[PDB]
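Asks: Let me give you the structure first, and then I'll get to my questions.
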Amino acid sequence: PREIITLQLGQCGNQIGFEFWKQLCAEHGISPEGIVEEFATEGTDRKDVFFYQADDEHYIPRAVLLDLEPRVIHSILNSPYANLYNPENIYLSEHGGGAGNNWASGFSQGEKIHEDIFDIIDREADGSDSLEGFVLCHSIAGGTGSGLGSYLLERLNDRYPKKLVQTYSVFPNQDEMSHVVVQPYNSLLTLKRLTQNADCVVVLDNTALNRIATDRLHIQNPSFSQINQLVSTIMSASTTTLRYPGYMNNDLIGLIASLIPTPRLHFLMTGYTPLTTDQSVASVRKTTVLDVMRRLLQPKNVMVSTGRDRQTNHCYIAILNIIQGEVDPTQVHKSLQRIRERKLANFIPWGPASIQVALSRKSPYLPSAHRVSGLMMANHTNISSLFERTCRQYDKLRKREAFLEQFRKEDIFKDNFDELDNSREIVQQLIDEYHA
Amino acid sequence: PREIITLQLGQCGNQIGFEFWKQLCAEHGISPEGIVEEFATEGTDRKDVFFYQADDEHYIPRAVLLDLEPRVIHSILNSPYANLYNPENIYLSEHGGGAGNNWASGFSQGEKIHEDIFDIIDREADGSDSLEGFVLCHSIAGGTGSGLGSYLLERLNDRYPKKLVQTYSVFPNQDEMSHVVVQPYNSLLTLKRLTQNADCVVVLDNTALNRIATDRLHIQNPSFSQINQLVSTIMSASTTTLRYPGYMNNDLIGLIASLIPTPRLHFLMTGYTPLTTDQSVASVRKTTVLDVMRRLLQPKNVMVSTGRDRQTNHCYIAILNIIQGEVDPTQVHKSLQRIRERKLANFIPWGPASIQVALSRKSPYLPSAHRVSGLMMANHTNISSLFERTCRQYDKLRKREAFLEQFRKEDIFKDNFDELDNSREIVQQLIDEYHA
Amino acid sequence: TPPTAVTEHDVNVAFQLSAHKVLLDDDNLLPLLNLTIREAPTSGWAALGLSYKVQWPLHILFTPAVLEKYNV
Amino acid sequence: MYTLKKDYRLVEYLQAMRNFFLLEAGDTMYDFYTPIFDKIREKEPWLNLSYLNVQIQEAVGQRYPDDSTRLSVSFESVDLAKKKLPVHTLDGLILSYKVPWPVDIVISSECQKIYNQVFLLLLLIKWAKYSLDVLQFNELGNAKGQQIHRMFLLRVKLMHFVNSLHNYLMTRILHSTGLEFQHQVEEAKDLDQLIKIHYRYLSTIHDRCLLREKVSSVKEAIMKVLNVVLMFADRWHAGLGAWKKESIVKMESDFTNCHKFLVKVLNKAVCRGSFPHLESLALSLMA
């Protein structure tokens with residue numbers, strides 16, 4: 001019916017998808033090894049849209065996890081949520097990889113394991129006779145998720161041409177350049193494949209993570225154990241129309257169709273306010289829906305590093321405001337009434353704009369059926385500031401003679417560096433041209 | 001009426017038929033030495049279809065057991081189920097045989113005991129004036145069941161020409177070749193007799209037995225005491241329309257007629273799911289028939305070693321799905337409703353296919369009148385993978401100069417090795433030609 | 001096609017198998033209705049309907065007039 | 001109903017005659033048929049009233065189920081009336097089940113007369129399916145050529161249709177009536193209501209089996225397939241020569257042409273309402 005195959009790949013893409021499947025059992029009322037609660041069918045009306053359909057009421061995840069590093073998968077099998085995963089769909093015990101840290105490693109390893117990489121991931125494709133598409137849950141940081149992920153964006157474009165492609169890709173961190181220095185090279189090589197060899201992306205910045213991780217979360221030493229908490233909730237938040245019973249844009253080709261203006265303009269800004277557990281003691285007094293979307297357009301919950309004074313000459317075109325759970329829908333048109341009076345979104349002068357609001361009932365659970373949740377999927381034309389940030393860090397590195405002799409020994413014979421530079425400037429010029 | 005004479009033969013064929021008759025007394029409500037229960041006639045409406053008809057309400061088995069090895073029959077008389085067997089129908093006490101391990105031993109011993117082997121087995125033929133046929137419950141492994149079993153497939157073809165022939169033959173094991181090395185020679189010599197000198201076979205692989213014997217049965221050291229448990233149930237499962245009162249295909253010439261496309265294409269794939277005793281505690285809640293045949297076409301219960309990626313260019317032609325006992329027949333047409341939507345069976349493009357479902361009431365017993373049972377008799381054209389496996393192990397052995405001087409001293413003067421090779425390739429070519 | 005009288009039964013058993021592969025949480029909620037469809041105007045769409053018949057005394061809340069008002 | 005259950009054996013008399021000529025029993029009516037059909041295959045008369053009355057003696061004593069063997073000794077269904085005509089048009093065999101008192105108030109002679117004619121068609125695809133069964137065991141009756149595989153291309157198109165027309169059609173009309181007759185037995189309280197639920201039972205058995213005491217298109221689709229089977233079995237009682245296999249594929253191309261012609265007639269008989277012909281078309285599309 002609407003079966004999606006997630007493509008978890010890389011050192012960071014496997015960990016953000018590990019707790020994504022772990023989030024799904026707590027809201028479906030199911031255990032990874034059994035069914036102890038009856039809340040799975042009376043409370044939740046649809047479960048076989050991301051999981052594989054049941055053979056013994058065991059909802060297998062439709063997931064594949066490949067990585068060159070064996071460290072990310074050795075921290076999985078000792079956890080009690082790995083018995084839900086199957087040891088025959090992806091790998092058996094003692095799976096390995098390369099050495100290995102290179103973008104050209106996984107780019108060259110795709111055609112030497114070409115027979116095996118297109119054998120076991122295609123067995124899940126013909127399980128349903130109407131496949132939705134493929135989401136590449138991969139990474140941009142490092143050479144593991146960026147090297148091999150650029151290969152599958154090409155060969156799955158023609159072997160599966162009538163399928164939706166759209167990824168929840170995480171952006172790397174640009175604070176210092178000591179541990180990694182190959183960061184401008186492997187990022188722009190995948191970013192070219194994300195626009196012409198891929199329809200849509202969902203950007204997730206790393207410098208904006210610790211802006212939120214010290215905002216309300218109150219940590220002193222930033223660890224990697226907090227990167228899975230902001231990411232796994234908004235992943236399950238994006239499929240609330242798709243997993244839980246909704247009516248309009250209840251498919252993944254429903255939501256993405258109403259937000260993309262044009263190809264190579266698909267970078268969607270994400271926002272999510274409620275992350276604090278001591279808000280729970282004051283949501284008993286009928287906290288309404290009239291105050292939760294006034295702060296979404298206000299740049300506080302954003303996960304995109306952008307300029308603060310560059311929003312006057314940029315214009316919103318498509319903005320999504322997803323409320324979940326208890327909505328009190330007699331005032332949801334009242335919340336959309338107050339949008340035109342502030343004009344917090346700059347509107348495009350050539351065409352109409354749209355503020356789309358939708359709702360779906362959440363899990364039968366006490367932290368879910370009590371507190372209001374707001375998921376934002378914006379589309380603003382100030383996203384070229386990240387593309388100006390990455391390009392200015394790209395041409396400055398090529399004048400310092402950095403990784404021009406250390407990178408072209410394997411499988412690179414011609415200069416494909418300006419092939420990425422002009423196509424990035426094509427994106428940056430057509431964005432500003434789009435508001436005439 | 002419908003009397004069948006079973007021809008139990010060989011070292012493995014005698015043990016799989018020993019518990020086959022031992023299974024029949026537990027379901028008929030009878031004891032091998034007496035009649036202590038009245039459940040035999042009120043619960044079971046037909047008993048004289050495999051047993052000999054009664055003289056003192058003692059249902060004699062219509063069985064003959066010949067083997068060169070006396071070890072298989074010396075483990076019989078100390079068991080309390082051997083008094084049901086007669087010491088005058090086959091042999092008296094202290095029966096022996098050869099030395100002996102050769103395919104040419106039993107092939108040459110058939111015409112020196114030719115007077116005695118066609119004397120006492122023909123006394124059971126004229127007991128009923130309408131004989132059904134002969135089933136050769138023999139083996140392919142070893143030289144005992146393969147050497148003498150090839151002789152009776154020839155001389156019973158013309159002496160009894162109007163009788164059904166069809167065998168439940170077990171395939172040997174191909175894991176290592178240290179204890180036996182004569183396995184490619186004696187198997188292909190009997191496999192030629194199974195296609196032109198025999199109408200139908202029922203294949204039973206050995207490498208697929210330990211795939212199931214460690215699947216749900218949880219053993220550490222594989223012994224021969226488990227080979228009789230998977231085999232004896234599906235033998236009695238195949239005659240549930242024939243032993244218990246059914247209506248359509250209630251004869252052995254009823255079932256085999258609706259599945260064979262053509263001669264030399266008769267190798268039927270077998271499947272049988274329920275083998276676990278702790279399923280019994282959750283079948284009290286009306287476990288239905290809508291979920292038991294979704295897993296039959298799914299390659300999990302199969303007893304045939306075949307390729308997993310070779311099913312796209314192969315097509316099912318005939319598939320049997322036998323439900324037993326409690327069926328709830330108001331939803332058995334509902335189970336066949338869901339077959340066309342998945343198309344889990346690839347259909348032949350030249351002609352129609354058929355999914356035949358049938359039912360019969362089981363024994364009046366508590367593990368039988370409570371748990372649903374599904375017996376599969378498939379016919380898929382991927383069975384040439386076993387024939388490609390046996391032929392590639394056959395021509396490789398003849399280039400190593402193995403058993404060409406050690407095998408042609410007795411009763412072999414000409415090279416009959418390519419007489420088996422071309423006729424095997426005739427089967428393998430007409431299978432792929434059969435879907436035009 | 002232009003509609004014919006056998007297309008009523010064919011679209012019915014199609015809605016059967018469609019709601020059945022979905023795995024509704026109630027198997028008996030599925031055959032509680034059938035579907036009905038005009039004679040042959042131009043097309044089958046915008047000429048089809050639904051019959052969900054109703055049991056004991058709930059039918060005094062649902063007269064056979066107003067199920068056409070829901071079906072239209 | 002206290003007296004119609006313990007003094008008399010009223011429903012046991014009903015289920016026995018349903019086992020007699022609706023064929024819910026085992027191989028009793030099978031082992032009647034195949035001596036008759038082997039007698040047909042050698043061109044010897046099975047009409048022959050006398051030996052036919054004893055082949056049906058051996059039928060009703062088979063399987064020993066103790067609801068029909070005791071009715072074989074007393075109150076027998078064995079007496080068969082035959083009609084012989086030199087024109088050989090509307091030839092008819094008429095079997096009658098002896099029914100006792102006060103069961104005969106419920107079971108009229110016209111009641112069993114229409115339970116007679118449903119056996120005349122149920123034995124007839126029992127004659128048509130088992131003709132395609134033993135002839136497959138007869139295995140290429142001869143034992144340029146090479147027309148046998150192209151013969152097998154359209155033989156199993158018609159072998160499988162008749163096998164599935166008596167498997168899936170029958171098992172839906174036997175279960176749906178047997179489950180709704182058991183409903184009316186669970187209610188059963190008085191004599192005037194037992195007669196009505198038995199009369200509405202046969203009219204269901206009518207609509208289940210085909211329909212139509214008058215002319216419709218479904219009997220024509222039946223009797224056409226009957227001539228396909230008759231020309232099939234008459235062809236295979238001989239050897240296959242050089243041009244004889246060309247006449248098989250010439251006939252079988254016509255036989256699937258009229259079989260597909262009567263499928264497209266069957267869609268019109270299905271969209272005109274809800275029927276058990278809906279299940280027969282769902283069988284024929286899966287065919």
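Note on naming: chains are A, B, ... as they come in the structure tokens, residues start from 1 per chain, ligands start from 1 in the order shown.
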Please identify every residue of chain B that has at least one atom no more than 12 Å from any atom of chain C, counting only C-alpha atoms, and report them as number ranges by chain.

Replies: B: 288, 290-291, 294, 331, 334-342

Asks: Could you give me the residues within segment 4-220 of chain B that DSSP places in strand (DSSP E or B), as a PyMOL selection string?

Replies: chain B and resi 4-9+51+61+63-66+131-135+139+164-168+170+200-202

Asks: Could you list, as a PDB file with C-alpha atoms, in the first residue's frame, the residues of chain A having an atom within 8 Å of chain B when counting only C-alpha atoms?

Replies:
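And here's result-v2.pdb as it stands now:
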ATOM      1  CA  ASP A  55       3.297 -12.736  10.288  1.00  0.00           C
ATOM      2  CA  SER A 128       4.137  -4.708  -1.518  1.00  0.00           C
ATOM      3  CA  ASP A 129       2.978  -4.300  -5.118  1.00  0.00           C
TER       4      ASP A 129
END

Asks: Kindly provide, as a list in words, the residues of chain D having any atom no farther than 10 Å from an atom of chain C, counting only C-alpha atoms.

Replies: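 For chain D, the answer reads residues 266, 267, 268, 269, 270, 271, 272, 273, 274, 275, 278, 281 and 282 of chain D.
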
Asks: Mind checking which residues fall within 9 Å of residue 274 of chain A, counting only C-alpha atoms, ignoring those fewer than 4 positions away in the same chain, and posting them as a VMD selection string?

Replies: chain A and resid 279 371 to 374

Asks: Can you write just those residues out, C-alpha atoms, as a short mmCIF file (atom, residue, chain, number, x, y, z; two decimals), in the first residue's frame?

Replies:
data_model
loop_
_atom_site.label_atom_id
_atom_site.label_comp_id
_atom_site.auth_asym_id
_atom_site.auth_seq_id
_atom_site.Cartn_x
_atom_site.Cartn_y
_atom_site.Cartn_z
CA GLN A 279 5.73 22.17 31.28
CA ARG A 371 0.69 18.32 25.93
CA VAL A 372 0.34 20.27 22.69
CA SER A 373 2.95 19.62 20.01
CA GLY A 374 3.86 21.79 17.05
#

Asks: Do you know which residues are at most 10 Å from residue 68 of chain C counting only C-alpha atoms, after dropping those on the same chain fewer than 6 positions away, and could you put them as a PyMOL selection string?

Replies: chain C and resi 49-51

Asks: Could you list, as a ChimeraX atom specification, every residue within 9 Å of residue 203 of chain B, counting only C-alpha atoms and ignoring same-chain residues fewer than 6 positions away?

Replies: /B:167-171,267-270,303-304

Asks: For the selection just defined, write its residues with C-alpha atoms to a file, as an mmCIF file, in the first residue's frame.

Replies:
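Writing done, so here's out25.cif:
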data_model
loop_
_atom_site.group_PDB
_atom_site.id
_atom_site.type_symbol
_atom_site.label_atom_id
_atom_site.label_comp_id
_atom_site.auth_asym_id
_atom_site.auth_seq_id
_atom_site.Cartn_x
_atom_site.Cartn_y
_atom_site.Cartn_z
ATOM 1 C CA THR B 167 6.351 -42.650 -4.216
ATOM 2 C CA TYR B 168 7.272 -40.728 -1.068
ATOM 3 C CA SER B 169 11.024 -40.936 -1.647
ATOM 4 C CA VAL B 170 13.581 -39.171 0.553
ATOM 5 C CA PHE B 171 16.559 -37.379 -0.986
ATOM 6 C CA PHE B 267 8.284 -33.341 -8.558
ATOM 7 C CA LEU B 268 5.961 -31.819 -5.955
ATOM 8 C CA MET B 269 7.094 -29.310 -3.329
ATOM 9 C CA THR B 270 5.813 -30.020 0.188
ATOM 10 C CA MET B 303 11.337 -28.981 2.207
ATOM 11 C CA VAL B 304 13.187 -28.314 -1.073
#
